[PDB]
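Notes follow the structure.
Throughout, read-outs are computed from the coordinates displayed, never taken from laboratory work. Quick reminder, even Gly has a Cβ in these numbers, built from the backbone with ideal geometry, and neighbours come from all protein chains shown.
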Amino acid sequence: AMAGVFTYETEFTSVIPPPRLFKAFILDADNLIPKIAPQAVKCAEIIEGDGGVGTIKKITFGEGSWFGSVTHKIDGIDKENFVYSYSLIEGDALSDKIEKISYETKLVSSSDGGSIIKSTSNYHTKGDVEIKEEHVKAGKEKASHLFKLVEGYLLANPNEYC
């Protein structure tokens, strides 16, 4: 069985500068996201670890999507360079065809006082590669929708995460 990596890259832009975005969206995700987006995320529960590298966490989805769950593994947190690396180790997306999906979310500063959210998705493949363009685009739409709610909240409550 052939091993490969299908790599997809995308960017989101934010008005919020990287330090604030990282404190909010990444370092306090488990608390902030189920609160702002209840329909999208019901809860975030740590199964193993203290929230840092090696942490295993089960995310349960709300009424918005065809609610299942996902199990993420924290691979890396760079609090200086605003890098968050994690893998989907249990979920609907995984099959005999896709064994693992590793992610890297980097926050880059904009000269206008904002951020560029750079997301890389690495689909670790086994056998014939068959990835639907619509399935990837739907993930990108859900990620930008959740993110837009993060930006709004942050702009409505400017003192939060400073």
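Some observations on this one:
- Test: residue in the range 87-105 that is exposed (fewer than 14 other Cβ atoms within 10 Å of the Cβ) and at positive phi: no
- Condition met for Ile36 (touching a strand residue (DSSP E or B) at 6+ places or on another chain (Cβ under 9 Å) and either surrounded by 15 or more Cβ atoms within 10 Å (Cβ to Cβ) or not aromatic (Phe, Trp, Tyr) (or both)): no
- Residues that are under 13 Å from the mean Cα position of the chain (by Cα), within 21 Å of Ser102 (Cβ to Cβ) and of a type in the set (A, V, I, L, M, F, W, C) within the range 112-162 comprise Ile117, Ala143, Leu146, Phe147, listed in sequence order.
- Restricting attention to the range 4-16, the residues being over 18 Å from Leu149 (Cβ atoms) and more than 17 Å from the chain's Cα centre (by Cα) number 3.
- Test: residue in the range 129-139 that is surrounded by 12 or more Cβ atoms within 10 Å (Cβ to Cβ), closer than 24 Å to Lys23 by Cα and without any contact (Cβ under 8 Å) to a residue 60 or more places away in the chain: yes
- Members of the range 110-128 that are within 18 Å of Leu21 (Cα to Cα), surrounded by 12 or more Cβ atoms within 10 Å (Cβ to Cβ) and of a type in the set (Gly, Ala, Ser): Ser110, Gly114, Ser115, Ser119
- Residue count for the range 2-42 under the criterion of being out of contact with any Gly (no Cβ under 8 Å at 6 or more places or on another chain) and outside any helix (DSSP H, G or I): the result is 12.
- Note on the range 85-107: residues that are part of a strand (DSSP E or B) and either out of contact with any strand residue (DSSP E or B) (no Cβ under 6 Å at 6 or more places or on another chain) or aliphatic (A, V, I, L, M) (or both) amount to 5.
- Any hit, the range 55-76, residues being in contact (Cβ under 8 Å) with a residue 60 or more places away in the chain, touching a strand residue (DSSP E or B) at 6+ places or on another chain (Cβ under 9 Å) and either assigned to a helix (DSSP H, G or I) or surrounded by 15 or more Cβ atoms within 10 Å (Cβ to Cβ) (or both): no
- In this structure, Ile98 does not qualify as among the aliphatic types (A, V, I, L, M) and under 13 Å from the mean Cα position of the chain (by Cα).
- Residues (part of a strand (DSSP E or B), of a type in the set (A, V, I, L, M, F, W, C) and over 26 Å from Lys42 (Cβ atoms)) located in the range 108-156: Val108, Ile116
- Checked against (1) surrounded by 13 or more Cβ atoms within 10 Å (Cβ to Cβ); (2) in contact (Cβ under 8 Å) with a residue 12 or more places away in the chain; (3) farther than 16 Å from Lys142 by Cα, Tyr8 meets all criteria but (3).
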